[PDB]
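Visitor: no sequence on hand, only this structure:
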Ligand SMILES: CCCCCCC/C=C/CCCCCC(=O)OC[C@@H](O)CO
Ligand SMILES: CCCCCCC/C=C\CCCCCC(=O)OC[C@@H](O)CO
Ligand SMILES: CCCCCCC/C=C\CCCCCC(=O)OC[C@@H](O)CO
Ligand SMILES: CCCCCCC/C=C\CCCCCC(=O)OC[C@@H](O)CO
Ligand SMILES: CCCCCCC/C=C\CCCCCC(=O)OC[C@@H](O)CO
Ligand SMILES: CCCCCCC/C=C\CCCCCC(=O)OC[C@@H](O)CO
Ligand SMILES: CCCCCCC/C=C\CCCCCC(=O)OC[C@@H](O)CO
Ligand SMILES: CCCCCCC/C=C\CCCCCC(=O)OC[C@@H](O)CO
Ligand SMILES: CCCCCCC/C=C\CCCCCC(=O)OC[C@@H](O)CO
Ligand SMILES: CCCCCCC/C=C\CCCCCC(=O)OC[C@@H](O)CO
Ligand SMILES: CCCCCCC/C=C\CCCCCC(=O)OC[C@@H](O)CO
Ligand SMILES: CCCCCCC/C=C\CCCCCC(=O)OC[C@@H](O)CO
């Protein structure tokens, strides 16, 4: 409900969205296509969960606590691992596809 | 309801075993369903925190539940795309 | 932008570092994950199987980190509200254990079909 109107989410969304379109056009087999799409959708999923966690922390207050920062650091780490999994997925699958 | 969610899993698992597909297709079909559960469980956990922070509404209280529900939505969508693509290929 | 990434990549490193430093269980988990990838990378399998073997154990790490974040929130709130902090932790722990089960099963089935 109107969270999709922030810049960072739009660039993240459009990046993921763009990959799904690309994956939908590539001449690959079904299992590869599913994996190409799954890897980038997971990034969007995890980022949504990371932002959701961040919302809960900011909800509590602006006064800083060590665990408040750590929850955000762990959420970011989850996204990073997701992004790496996506790059690796496309790397392994689309290697030697152009030729 | 996780009660119906659990039976929904079994049905997908039963169908997955029913169809004459190889191990890779079988792992993809079921994992996608399992990812929904994981995200839902994670979303439900986030919700449990929000609800005890306060019984009041806040800009950030409801913003979390939306982003969490969005994550579940994206997971369910990915699951449908997977079952569509694979079954289409299987019955090609 | 380019500077958003440096800032976000920095929080990620603090996340992984703090998670590593604070628990032996996490360190041993990261080792188990790291090995599994190395093994997956060297196996003589097709590209989709390779990705499946890698992708799954990665998901374990992802869910682990997300859950650890959620745990940090309920500990932040304090002792008083504990009981629904308990349910949030129970839910998140289910997500972690499910993901690990999926990883274990996936590796079993796939390595079975290949070596068998
Ligand atoms: C920084 C050095 C390591 C970086 C590794 C990243 C890309 C390489 C991945 C593994 C390639 C090394 C050979 C292992 C392997 O894949 O065996 C498969 C074999 O069937 C043909 O290569
Ligand atoms: C209610 C709207 C839901 C989405 C609208 C319909 C989308 C059409 C198909 C579902 C996913 C297709 C994505 C993959 C694709 O385009 O390749 C198709 C081809 O691989 C079939 O094997
Ligand atoms: C500066 C623009 C960057 C664009 C993003 C990168 C583009 C990636 C791939 C471009 C080619 C699209 C795939 C076309 C293709 O493989 O053909 C599919 C097959 O059905 C042809 O009959
Ligand atoms: C080796 C060839 C790879 C070809 C491209 C594969 C890219 C796959 C996934 C990357 C898309 C991630 C989109 C989300 C994103 O970047 O936002 C996260 C970050 O900007 C927020 O801090
Ligand atoms: C185009 C951008 C590249 C981005 C960097 C990707 C680094 C991460 C993982 C590297 C794994 C790719 C190699 C996998 C592979 O298929 O080996 C090559 C082999 O198929 C050729 O015989
Ligand atoms: C021969 C086997 C096919 C017969 C069709 C019977 C289908 C029965 C159950 C299908 C799976 C149940 C769970 C899937 C599901 O609920 O997806 C809905 C999803 O959009 C979440 O609302
Ligand atoms: C060919 C028949 C099988 C179709 C399988 C398609 C898989 C789609 C979704 C899999 C996950 C099921 C999750 C069910 C769910 O969360 O719905 C419950 C809720 O929406 C009802 O209020
Ligand atoms: C050899 C390594 C295997 C392939 C992975 C290579 C890494 C490629 C791109 C990663 C850089 C993007 C950094 C994204 C990031 O900072 O995450 C943001 C997140 O933590 C908070 O939104
Ligand atoms: C194969 C692609 C991803 C490979 C990594 C899989 C899991 C990701 C990270 C595992 C934990 C890395 C954190 C290491 C770290 O920060 O330790 C610092 C500490 O030892 C300093 O004393
Ligand atoms: C908690 C248990 C998780 C354990 C994590 C580390 C062990 C997991 C997988 C490693 C066992 C694979 C052994 C088979 C293998 O490596 O194939 C050999 C292949 O290269 C044939 O030459
Ligand atoms: C925390 C981030 C750490 C990132 C770790 C980097 C990932 C390392 C290896 C993943 C890529 C494996 C490439 C597999 C490969 O090259 O084998 C190709 C072989 O089949 C040739 O036919
Ligand atoms: C077949 C053996 C059981 C395996 C369980 C896996 C089934 C799939 C999803 C179940 C997740 C369990 C989450 C339910 C739960 O924890 O509720 C209890 C707790 O949250 C408060 O009562």
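Guide: All right, it came through fine. Numbering: from 1, shown residues only, chains lettered A, B, ... in the order given. Ligands and ions are numbered 1, 2, ... in the order given.

Visitor: residues touching the residue nearest to residue A:41 when sequence neighbours are not counted, list them.
Guide: When the adjacent residues along the chain are set aside, residue A:41 lies closest to residue B:78, with 4.3 Å between them (Cβ to Cβ, 6 or more residues apart in numbering or on different chains). Where you see a C-beta, it was placed from the backbone N, CA and C, and this is true even at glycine. Taking Cβ atoms under 8 Å, 6 or more residues apart in numbering or on different chains as the definition of contact, the neighbours of residue B:78 are A:37-38, A:41-42, A:45, B:32, B:35.

Visitor: near ligand 3 too, which of those residues?
Guide: With Cβ under 6 Å from any ligand atom as the criterion, the contacts of residue B:78 include none near ligand 3.

Visitor: tell me which of the residues you listed fall in helices.
Guide: Secondary structure assignment (DSSP state H) places A:37-38, A:41-42, A:45, B:32, B:35 from these within helices.

Visitor: wait, which of those residues is closest to ligand 9?
Guide: Lowest distance from ligand 9 to those (Cβ to the nearest ligand atom) belongs to residue A:42, with 13.9 Å.

Visitor: follow-up on the earlier one: how about the ones in helices among the contacts of residue B:78 in a markdown table, adding distance to ligand 2?
Guide: Formatted as a markdown table, the entries for these read as follows, by distance: Cβ to the nearest ligand atom, whole Å:
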| residue | distance to ligand 2 |
| --- | --- |
| A:37 | 7 |
| A:38 | 11 |
| A:41 | 11 |
| A:42 | 16 |
| A:45 | 17 |
| B:32 | 13 |
| B:35 | 16 |
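
Visitor: what parts of chain A come near ligand 10?
Guide: Counting by Cβ under 6 Å from any ligand atom, none of the residues of chain A come close to ligand 10.

Visitor: look through chain A and state the residue closest to ligand 10.
Guide: Of all residues in chain A, residue A:92 sits closest to ligand 10, with a separation of 16.7 Å (Cβ to the nearest ligand atom).

Visitor: nearest the geometric middle of chain A, what residue?
Guide: A centroid search over chain A (Cα atoms, centre = their mean) returns residue A:43, at 1.9 Å, as the residue closest to the centre.

Visitor: hmm, stretch A:14-25 in reach of ligand 4?
Guide: Yes - applying Cβ under 6 Å from any ligand atom, one finds stretch A:14-25 touching ligand 4 at A:15-16, A:19.

Visitor: same list, these, but only the ones touching ligand 8.
Guide: The subset of the residues of stretch A:14-25 next to ligand 4 lying close to ligand 8, counting by Cβ under 6 Å from any ligand atom, is empty.

Visitor: just the closest of those to ligand 4, please.
Guide: Within these, proximity to ligand 4 (Cβ to the nearest ligand atom) peaks at residue A:15, which comes in at 3.7 Å.

Visitor: and residue A:66, how far from ligand 12?
Guide: Taking Cβ to the nearest ligand atom, to the nearest Å as the measure, residue A:66 and ligand 12 are separated by 27 Å.

Visitor: for ligand 4, see how far away the residue nearest to the centre of chain A is.
Guide: In this view, residue A:43 and ligand 4 are 5 Å apart by Cβ to the nearest ligand atom.

Visitor: cool, and residue A:97?
Guide: For residue A:97, the distance to ligand 4 (Cβ to the nearest ligand atom) stands at 10 Å.

Visitor: before we move on, what about residue A:92?
Guide: Distance of residue A:92 to ligand 4, computed by Cβ to the nearest ligand atom: 8 Å.

Visitor: with residue A:10 instead?
Guide: Summarising the geometry, the distance separating residue A:10 from ligand 4, computed by Cβ to the nearest ligand atom, is 11 Å.

Visitor: and what of residue A:7?
Guide: Relative to ligand 4, residue A:7 is positioned 11 Å away (criterion: Cβ to the nearest ligand atom).

Visitor: next one: residue A:26
Guide: Residue A:26 sits 11 Å away from ligand 4, taking Cβ to the nearest ligand atom as the criterion.

Visitor: quick check on that residue: phi, psi?
Guide: Backbone dihedrals for residue A:26, given as degrees, to the nearest 10, come out at phi -60, psi 150.

Visitor: again with residue A:97
Guide: Note on residue A:97: backbone dihedrals following degrees, to the nearest 10 are phi -90, psi -40.

Visitor: now residue A:6
Guide: Dihedral pair for residue A:6: phi -110, psi 140, per degrees, to the nearest 10.

Visitor: ok so, going back, out of the residues of stretch A:14-25 next to ligand 4, who's nearest ligand 12?
Guide: The shortest separation between ligand 12 and any of the residues of stretch A:14-25 next to ligand 4 is 26.6 Å, and it belongs to residue A:16 (by Cβ to the nearest ligand atom).
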